[PDB]
Amino acid sequence: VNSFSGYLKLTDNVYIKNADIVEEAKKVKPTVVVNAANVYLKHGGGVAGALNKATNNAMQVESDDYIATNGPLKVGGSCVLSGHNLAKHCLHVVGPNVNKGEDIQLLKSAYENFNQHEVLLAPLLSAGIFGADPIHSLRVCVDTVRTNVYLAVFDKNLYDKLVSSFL
Ligand SMILES: Cc1onc(-c2ccccc2)c1C(=O)O
């Protein structure tokens, strides 16, 4: 049994809710929250900007030190950093950004990072301002992630379309 409430069960291991990921993290304090990161860990907008704002920019400060030491992530890659006030840990995962012309086949590699964690609170990777089709992102998630994933989806309209169209 875990602390996640109000989720619709899609599969053995994937659950979904219409919820603002920031508010959900603040309430649950999960072991792992996933960030929709870019390779530079520049948390300007989208999920990343919202998570970082909720940490009062401490996520960005920590991320700048990580990049100064290690250099950029790979598209499809990840790193584990602090979860600050939102979670124990933040798994920063880089899905391909379609609006930058990145290979959508890298979305599966991105989701494979989730398998290193038993339970996660996450957004749909490569969706929103990353330009991918969120329906596709949910399909790759279900077909790739084997650990227990709680997907929070901000937009009620998109949430309803993801549930209604789920095979
Ligand atoms: C899809 C999608 O596109 N934009 C967002 C989003 C969610 C929270 C904060 C900012 C953007 C989002 C999501 O993960 O539900």
# chains A, B, ... in the order shown; residues from 1 in each chain; ligands from 1
>>> residues_near_ligand(ligand="ligand 1", cutoff="7 Å", atoms="only C-alpha atoms and all ligand atoms", output="PDB file with C-alpha atoms, in the first residue's frame")
ATOM      1  CA  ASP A  20      -1.042  19.455 -11.050  1.00  0.00           C
ATOM      2  CA  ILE A  21       2.298  17.512 -10.533  1.00  0.00           C
ATOM      3  CA  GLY A  45       9.063  26.299 -18.420  1.00  0.00           C
ATOM      4  CA  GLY A  46       6.657  23.432 -18.595  1.00  0.00           C
ATOM      5  CA  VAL A  47       6.841  20.859 -15.816  1.00  0.00           C
ATOM      6  CA  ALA A  50       6.848  24.666 -12.393  1.00  0.00           C
ATOM      7  CA  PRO A 123       4.539  13.518 -16.030  1.00  0.00           C
ATOM      8  CA  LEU A 124       4.128  12.141 -19.522  1.00  0.00           C
ATOM      9  CA  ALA A 127       4.495  15.824 -24.178  1.00  0.00           C
ATOM     10  CA  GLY A 128       3.374  19.473 -23.789  1.00  0.00           C
ATOM     11  CA  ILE A 129       6.103  21.933 -24.957  1.00  0.00           C
ATOM     12  CA  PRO A 134       0.726  12.606 -25.301  1.00  0.00           C
ATOM     13  CA  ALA A 152      -0.177  13.261 -12.983  1.00  0.00           C
ATOM     14  CA  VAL A 153      -1.816  15.136 -15.914  1.00  0.00           C
ATOM     15  CA  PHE A 154      -2.523  18.910 -15.377  1.00  0.00           C
ATOM     16  CA  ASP A 155      -5.079  19.412 -18.259  1.00  0.00           C
TER      17      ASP A 155
END
>>> residues_around(residues="residue 115 in chain A", least_positions_apart="5", cutoff="12 Å", atoms="only C-alpha atoms", output="VMD selection string")
chain A and resid 13 32 78 91 108 to 110 120 141 to 149
>>> select_by_dssp(residues="range 68-152 of chain A", states="strand (DSSP E)", output="PyMOL selection string")
chain A and resi 78-82+89-93+119-122+148-152
>>> select_by_dssp(residues="range 17-165 of chain A", states="helix (DSSP H, G or I)", output="PDB file with N, CA and C atoms, in the first residue's frame")
ATOM      1  N   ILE A  21       1.145  18.309 -11.067  1.00  0.00           N
ATOM      2  CA  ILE A  21       2.298  17.512 -10.533  1.00  0.00           C
ATOM      3  C   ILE A  21       2.953  18.166  -9.305  1.00  0.00           C
ATOM      4  N   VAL A  22       3.054  19.479  -9.281  1.00  0.00           N
ATOM      5  CA  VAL A  22       3.634  20.271  -8.170  1.00  0.00           C
ATOM      6  C   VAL A  22       2.791  20.060  -6.904  1.00  0.00           C
ATOM      7  N   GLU A  23       1.467  20.210  -7.025  1.00  0.00           N
ATOM      8  CA  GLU A  23       0.544  20.085  -5.867  1.00  0.00           C
ATOM      9  C   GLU A  23       0.541  18.631  -5.412  1.00  0.00           C
ATOM     10  N   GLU A  24       0.620  17.696  -6.340  1.00  0.00           N
ATOM     11  CA  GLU A  24       0.640  16.292  -5.984  1.00  0.00           C
ATOM     12  C   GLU A  24       1.911  15.940  -5.218  1.00  0.00           C
ATOM     13  N   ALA A  25       3.054  16.453  -5.689  1.00  0.00           N
ATOM     14  CA  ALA A  25       4.325  16.183  -4.989  1.00  0.00           C
ATOM     15  C   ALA A  25       4.262  16.772  -3.577  1.00  0.00           C
ATOM     16  N   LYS A  26       3.812  18.003  -3.476  1.00  0.00           N
ATOM     17  CA  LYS A  26       3.713  18.686  -2.151  1.00  0.00           C
ATOM     18  C   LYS A  26       2.870  17.859  -1.180  1.00  0.00           C
ATOM     19  N   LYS A  27       1.800  17.243  -1.643  1.00  0.00           N
ATOM     20  CA  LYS A  27       0.864  16.466  -0.776  1.00  0.00           C
ATOM     21  C   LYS A  27       1.477  15.110  -0.423  1.00  0.00           C
ATOM     22  N   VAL A  28       1.973  14.346  -1.394  1.00  0.00           N
ATOM     23  CA  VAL A  28       2.436  12.955  -1.226  1.00  0.00           C
ATOM     24  C   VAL A  28       3.858  12.895  -0.668  1.00  0.00           C
ATOM     25  N   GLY A  46       7.287  24.743 -18.642  1.00  0.00           N
ATOM     26  CA  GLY A  46       6.657  23.432 -18.595  1.00  0.00           C
ATOM     27  C   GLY A  46       6.725  22.855 -17.186  1.00  0.00           C
ATOM     28  N   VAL A  47       6.743  21.537 -17.117  1.00  0.00           N
ATOM     29  CA  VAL A  47       6.841  20.859 -15.816  1.00  0.00           C
ATOM     30  C   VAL A  47       8.105  21.324 -15.083  1.00  0.00           C
ATOM     31  N   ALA A  48       9.224  21.413 -15.775  1.00  0.00           N
ATOM     32  CA  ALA A  48      10.491  21.755 -15.117  1.00  0.00           C
ATOM     33  C   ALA A  48      10.404  23.139 -14.505  1.00  0.00           C
ATOM     34  N   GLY A  49       9.905  24.110 -15.260  1.00  0.00           N
ATOM     35  CA  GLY A  49       9.797  25.453 -14.679  1.00  0.00           C
ATOM     36  C   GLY A  49       8.888  25.450 -13.485  1.00  0.00           C
ATOM     37  N   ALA A  50       7.807  24.697 -13.521  1.00  0.00           N
ATOM     38  CA  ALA A  50       6.848  24.666 -12.393  1.00  0.00           C
ATOM     39  C   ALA A  50       7.475  23.991 -11.185  1.00  0.00           C
ATOM     40  N   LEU A  51       8.118  22.849 -11.376  1.00  0.00           N
ATOM     41  CA  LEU A  51       8.800  22.173 -10.229  1.00  0.00           C
ATOM     42  C   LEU A  51       9.844  23.091  -9.655  1.00  0.00           C
ATOM     43  N   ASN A  52      10.662  23.690 -10.508  1.00  0.00           N
ATOM     44  CA  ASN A  52      11.759  24.524 -10.000  1.00  0.00           C
ATOM     45  C   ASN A  52      11.204  25.721  -9.225  1.00  0.00           C
ATOM     46  N   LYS A  53      10.154  26.361  -9.720  1.00  0.00           N
ATOM     47  CA  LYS A  53       9.539  27.497  -9.030  1.00  0.00           C
ATOM     48  C   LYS A  53       9.088  27.033  -7.640  1.00  0.00           C
ATOM     49  N   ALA A  54       8.503  25.866  -7.528  1.00  0.00           N
ATOM     50  CA  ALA A  54       8.003  25.349  -6.236  1.00  0.00           C
ATOM     51  C   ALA A  54       9.140  25.135  -5.260  1.00  0.00           C
ATOM     52  N   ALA A  58      15.836  26.425  -5.828  1.00  0.00           N
ATOM     53  CA  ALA A  58      16.899  25.579  -5.300  1.00  0.00           C
ATOM     54  C   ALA A  58      17.198  24.425  -6.272  1.00  0.00           C
ATOM     55  N   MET A  59      16.191  23.914  -6.972  1.00  0.00           N
ATOM     56  CA  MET A  59      16.428  22.887  -8.006  1.00  0.00           C
ATOM     57  C   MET A  59      17.400  23.419  -9.061  1.00  0.00           C
ATOM     58  N   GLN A  60      17.203  24.645  -9.535  1.00  0.00           N
ATOM     59  CA  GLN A  60      18.102  25.223 -10.567  1.00  0.00           C
ATOM     60  C   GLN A  60      19.517  25.418 -10.030  1.00  0.00           C
ATOM     61  N   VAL A  61      19.648  25.881  -8.794  1.00  0.00           N
ATOM     62  CA  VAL A  61      20.986  26.067  -8.195  1.00  0.00           C
ATOM     63  C   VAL A  61      21.714  24.733  -8.154  1.00  0.00           C
ATOM     64  N   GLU A  62      21.061  23.690  -7.660  1.00  0.00           N
ATOM     65  CA  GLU A  62      21.668  22.372  -7.580  1.00  0.00           C
ATOM     66  C   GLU A  62      22.009  21.861  -8.978  1.00  0.00           C
ATOM     67  N   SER A  63      21.112  22.099  -9.934  1.00  0.00           N
ATOM     68  CA  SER A  63      21.297  21.619 -11.310  1.00  0.00           C
ATOM     69  C   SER A  63      22.475  22.314 -11.972  1.00  0.00           C
ATOM     70  N   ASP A  64      22.648  23.598 -11.737  1.00  0.00           N
ATOM     71  CA  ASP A  64      23.779  24.312 -12.337  1.00  0.00           C
ATOM     72  C   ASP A  64      25.111  23.750 -11.836  1.00  0.00           C
ATOM     73  N   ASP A  65      25.187  23.426 -10.561  1.00  0.00           N
ATOM     74  CA  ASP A  65      26.397  22.790  -9.999  1.00  0.00           C
ATOM     75  C   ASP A  65      26.561  21.424 -10.657  1.00  0.00           C
ATOM     76  N   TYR A  66      25.509  20.635 -10.858  1.00  0.00           N
ATOM     77  CA  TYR A  66      25.616  19.300 -11.484  1.00  0.00           C
ATOM     78  C   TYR A  66      26.179  19.457 -12.884  1.00  0.00           C
ATOM     79  N   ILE A  67      25.688  20.398 -13.668  1.00  0.00           N
ATOM     80  CA  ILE A  67      26.154  20.548 -15.066  1.00  0.00           C
ATOM     81  C   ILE A  67      27.595  21.062 -15.085  1.00  0.00           C
ATOM     82  N   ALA A  68      27.928  21.957 -14.200  1.00  0.00           N
ATOM     83  CA  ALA A  68      29.301  22.492 -14.149  1.00  0.00           C
ATOM     84  C   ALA A  68      30.277  21.354 -13.876  1.00  0.00           C
ATOM     85  N   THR A  69      29.901  20.351 -13.106  1.00  0.00           N
ATOM     86  CA  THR A  69      30.783  19.221 -12.786  1.00  0.00           C
ATOM     87  C   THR A  69      30.734  18.178 -13.886  1.00  0.00           C
ATOM     88  N   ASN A  70      29.572  17.826 -14.406  1.00  0.00           N
ATOM     89  CA  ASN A  70      29.372  16.599 -15.220  1.00  0.00           C
ATOM     90  C   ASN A  70      29.096  16.881 -16.676  1.00  0.00           C
ATOM     91  N   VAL A  98      10.471  17.290 -29.709  1.00  0.00           N
ATOM     92  CA  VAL A  98      10.067  17.331 -31.149  1.00  0.00           C
ATOM     93  C   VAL A  98      10.275  18.763 -31.658  1.00  0.00           C
ATOM     94  N   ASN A  99      10.015  19.779 -30.882  1.00  0.00           N
ATOM     95  CA  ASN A  99      10.174  21.198 -31.345  1.00  0.00           C
ATOM     96  C   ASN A  99      11.661  21.552 -31.525  1.00  0.00           C
ATOM     97  N   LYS A 100      12.608  20.658 -31.193  1.00  0.00           N
ATOM     98  CA  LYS A 100      14.063  20.816 -31.500  1.00  0.00           C
ATOM     99  C   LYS A 100      14.498  19.786 -32.544  1.00  0.00           C
ATOM    100  N   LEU A 106      13.746   7.940 -29.104  1.00  0.00           N
ATOM    101  CA  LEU A 106      14.485   8.089 -27.850  1.00  0.00           C
ATOM    102  C   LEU A 106      13.511   8.153 -26.690  1.00  0.00           C
ATOM    103  N   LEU A 107      12.201   8.250 -26.966  1.00  0.00           N
ATOM    104  CA  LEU A 107      11.240   8.295 -25.852  1.00  0.00           C
ATOM    105  C   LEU A 107      11.270   6.988 -25.045  1.00  0.00           C
ATOM    106  N   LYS A 108      11.416   5.856 -25.731  1.00  0.00           N
ATOM    107  CA  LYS A 108      11.480   4.575 -24.986  1.00  0.00           C
ATOM    108  C   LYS A 108      12.703   4.543 -24.054  1.00  0.00           C
ATOM    109  N   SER A 109      13.849   4.986 -24.586  1.00  0.00           N
ATOM    110  CA  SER A 109      15.079   5.061 -23.754  1.00  0.00           C
ATOM    111  C   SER A 109      14.840   5.955 -22.519  1.00  0.00           C
ATOM    112  N   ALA A 110      14.146   7.079 -22.724  1.00  0.00           N
ATOM    113  CA  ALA A 110      13.858   8.008 -21.625  1.00  0.00           C
ATOM    114  C   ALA A 110      13.046   7.274 -20.549  1.00  0.00           C
ATOM    115  N   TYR A 111      11.976   6.591 -20.962  1.00  0.00           N
ATOM    116  CA  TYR A 111      11.120   5.889 -19.972  1.00  0.00           C
ATOM    117  C   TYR A 111      11.867   4.743 -19.297  1.00  0.00           C
ATOM    118  N   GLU A 112      12.863   4.148 -19.941  1.00  0.00           N
ATOM    119  CA  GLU A 112      13.603   3.042 -19.313  1.00  0.00           C
ATOM    120  C   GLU A 112      14.258   3.506 -18.015  1.00  0.00           C
ATOM    121  N   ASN A 113      14.577   4.801 -17.866  1.00  0.00           N
ATOM    122  CA  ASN A 113      15.145   5.293 -16.624  1.00  0.00           C
ATOM    123  C   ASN A 113      14.219   5.046 -15.434  1.00  0.00           C
ATOM    124  N   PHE A 114      12.916   5.053 -15.696  1.00  0.00           N
ATOM    125  CA  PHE A 114      11.962   4.857 -14.581  1.00  0.00           C
ATOM    126  C   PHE A 114      12.131   3.475 -13.924  1.00  0.00           C
ATOM    127  N   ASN A 115      12.623   2.505 -14.684  1.00  0.00           N
ATOM    128  CA  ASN A 115      12.707   1.115 -14.186  1.00  0.00           C
ATOM    129  C   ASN A 115      13.752   1.004 -13.096  1.00  0.00           C
ATOM    130  N   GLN A 116      14.562   2.029 -12.842  1.00  0.00           N
ATOM    131  CA  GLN A 116      15.581   1.971 -11.785  1.00  0.00           C
ATOM    132  C   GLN A 116      14.963   2.370 -10.455  1.00  0.00           C
ATOM    133  N   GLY A 128       3.443  18.020 -24.038  1.00  0.00           N
ATOM    134  CA  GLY A 128       3.374  19.473 -23.789  1.00  0.00           C
ATOM    135  C   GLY A 128       4.315  20.248 -24.697  1.00  0.00           C
ATOM    136  N   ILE A 129       5.158  21.116 -24.139  1.00  0.00           N
ATOM    137  CA  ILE A 129       6.103  21.933 -24.957  1.00  0.00           C
ATOM    138  C   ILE A 129       7.238  21.107 -25.585  1.00  0.00           C
ATOM    139  N   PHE A 130       7.397  19.812 -25.254  1.00  0.00           N
ATOM    140  CA  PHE A 130       8.379  18.918 -25.927  1.00  0.00           C
ATOM    141  C   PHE A 130       7.846  18.479 -27.299  1.00  0.00           C
ATOM    142  N   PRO A 134       0.842  13.231 -26.618  1.00  0.00           N
ATOM    143  CA  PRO A 134       0.726  12.606 -25.301  1.00  0.00           C
ATOM    144  C   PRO A 134       0.113  11.204 -25.328  1.00  0.00           C
ATOM    145  N   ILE A 135      -0.749  10.900 -26.301  1.00  0.00           N
ATOM    146  CA  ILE A 135      -1.317   9.551 -26.426  1.00  0.00           C
ATOM    147  C   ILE A 135      -0.192   8.572 -26.680  1.00  0.00           C
ATOM    148  N   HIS A 136       0.693   8.924 -27.600  1.00  0.00           N
ATOM    149  CA  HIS A 136       1.888   8.115 -27.883  1.00  0.00           C
ATOM    150  C   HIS A 136       2.752   7.984 -26.626  1.00  0.00           C
ATOM    151  N   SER A 137       2.984   9.064 -25.936  1.00  0.00           N
ATOM    152  CA  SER A 137       3.830   9.029 -24.727  1.00  0.00           C
ATOM    153  C   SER A 137       3.243   8.045 -23.711  1.00  0.00           C
ATOM    154  N   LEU A 138       1.925   8.065 -23.507  1.00  0.00           N
ATOM    155  CA  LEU A 138       1.306   7.119 -22.562  1.00  0.00           C
ATOM    156  C   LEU A 138       1.491   5.694 -23.048  1.00  0.00           C
ATOM    157  N   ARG A 139       1.365   5.425 -24.329  1.00  0.00           N
ATOM    158  CA  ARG A 139       1.538   4.068 -24.857  1.00  0.00           C
ATOM    159  C   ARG A 139       2.975   3.605 -24.598  1.00  0.00           C
ATOM    160  N   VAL A 140       3.970   4.448 -24.905  1.00  0.00           N
ATOM    161  CA  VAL A 140       5.377   4.066 -24.662  1.00  0.00           C
ATOM    162  C   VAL A 140       5.566   3.833 -23.169  1.00  0.00           C
ATOM    163  N   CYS A 141       5.026   4.672 -22.336  1.00  0.00           N
ATOM    164  CA  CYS A 141       5.150   4.488 -20.875  1.00  0.00           C
ATOM    165  C   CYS A 141       4.659   3.096 -20.482  1.00  0.00           C
ATOM    166  N   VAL A 142       3.439   2.758 -20.864  1.00  0.00           N
ATOM    167  CA  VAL A 142       2.849   1.473 -20.456  1.00  0.00           C
ATOM    168  C   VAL A 142       3.649   0.319 -21.010  1.00  0.00           C
ATOM    169  N   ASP A 143       4.171   0.449 -22.187  1.00  0.00           N
ATOM    170  CA  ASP A 143       4.922  -0.632 -22.837  1.00  0.00           C
ATOM    171  C   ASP A 143       6.393  -0.692 -22.401  1.00  0.00           C
ATOM    172  N   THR A 144       6.875   0.233 -21.597  1.00  0.00           N
ATOM    173  CA  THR A 144       8.311   0.314 -21.240  1.00  0.00           C
ATOM    174  C   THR A 144       8.511   0.206 -19.751  1.00  0.00           C
ATOM    175  N   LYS A 156      -7.384  18.821 -17.779  1.00  0.00           N
ATOM    176  CA  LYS A 156      -8.549  17.903 -17.608  1.00  0.00           C
ATOM    177  C   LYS A 156      -8.965  17.385 -18.981  1.00  0.00           C
ATOM    178  N   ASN A 157      -8.916  18.257 -19.975  1.00  0.00           N
ATOM    179  CA  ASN A 157      -9.338  17.794 -21.303  1.00  0.00           C
ATOM    180  C   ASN A 157      -8.418  16.670 -21.797  1.00  0.00           C
ATOM    181  N   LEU A 158      -7.109  16.845 -21.646  1.00  0.00           N
ATOM    182  CA  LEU A 158      -6.151  15.837 -22.104  1.00  0.00           C
ATOM    183  C   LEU A 158      -6.291  14.561 -21.260  1.00  0.00           C
ATOM    184  N   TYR A 159      -6.411  14.715 -19.983  1.00  0.00           N
ATOM    185  CA  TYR A 159      -6.617  13.543 -19.099  1.00  0.00           C
ATOM    186  C   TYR A 159      -7.785  12.693 -19.604  1.00  0.00           C
ATOM    187  N   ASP A 160      -8.912  13.372 -19.872  1.00  0.00           N
ATOM    188  CA  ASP A 160     -10.114  12.631 -20.332  1.00  0.00           C
ATOM    189  C   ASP A 160      -9.857  11.959 -21.671  1.00  0.00           C
ATOM    190  N   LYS A 161      -9.138  12.626 -22.581  1.00  0.00           N
ATOM    191  CA  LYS A 161      -8.825  12.012 -23.860  1.00  0.00           C
ATOM    192  C   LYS A 161      -7.862  10.840 -23.695  1.00  0.00           C
ATOM    193  N   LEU A 162      -6.884  10.953 -22.812  1.00  0.00           N
ATOM    194  CA  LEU A 162      -5.925   9.831 -22.569  1.00  0.00           C
ATOM    195  C   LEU A 162      -6.664   8.584 -22.029  1.00  0.00           C
ATOM    196  N   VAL A 163      -7.562   8.812 -21.067  1.00  0.00           N
ATOM    197  CA  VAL A 163      -8.317   7.662 -20.521  1.00  0.00           C
ATOM    198  C   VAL A 163      -9.222   7.063 -21.577  1.00  0.00           C
ATOM    199  N   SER A 164      -9.994   7.923 -22.250  1.00  0.00           N
ATOM    200  CA  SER A 164     -11.031   7.435 -23.185  1.00  0.00           C
ATOM    201  C   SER A 164     -10.392   6.670 -24.338  1.00  0.00           C
TER     202      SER A 164
END
>>> closest_residue(among="A:97, A:57, A:31, A:5", to="residue 76 in chain A", atoms="only C-alpha atoms")
A:97
>>> closest_residue(among="A:38, A:104, A:4, A:85", to="residue 16 in chain A", atoms="only C-alpha atoms")
A:4
>>> residues_around(residues="residue 89 in chain A", least_positions_apart="6", cutoff="12 Å", atoms="only C-alpha atoms", output="ChimeraX atom specification")
/A:25,29-35,59,79-83,117,119-121
>>> atom_distance(atom1="CA of residue 12 in chain A", atom2="CA of residue 103 in chain A")
28.7 Å
>>> residues_around(residues="residue 96 in chain A", least_positions_apart="4", cutoff="6 Å", atoms="only C-alpha atoms", output="list in words")
residues 75, 102, 104 and 126 of chain A
>>> atom_distance(atom1="CA of residue 6 in chain A", atom2="CA of residue 125 in chain A")
21.3 Å
>>> atom_distance(atom1="CA of residue 93 in chain A", atom2="CA of residue 1 in chain A")
26.0 Å
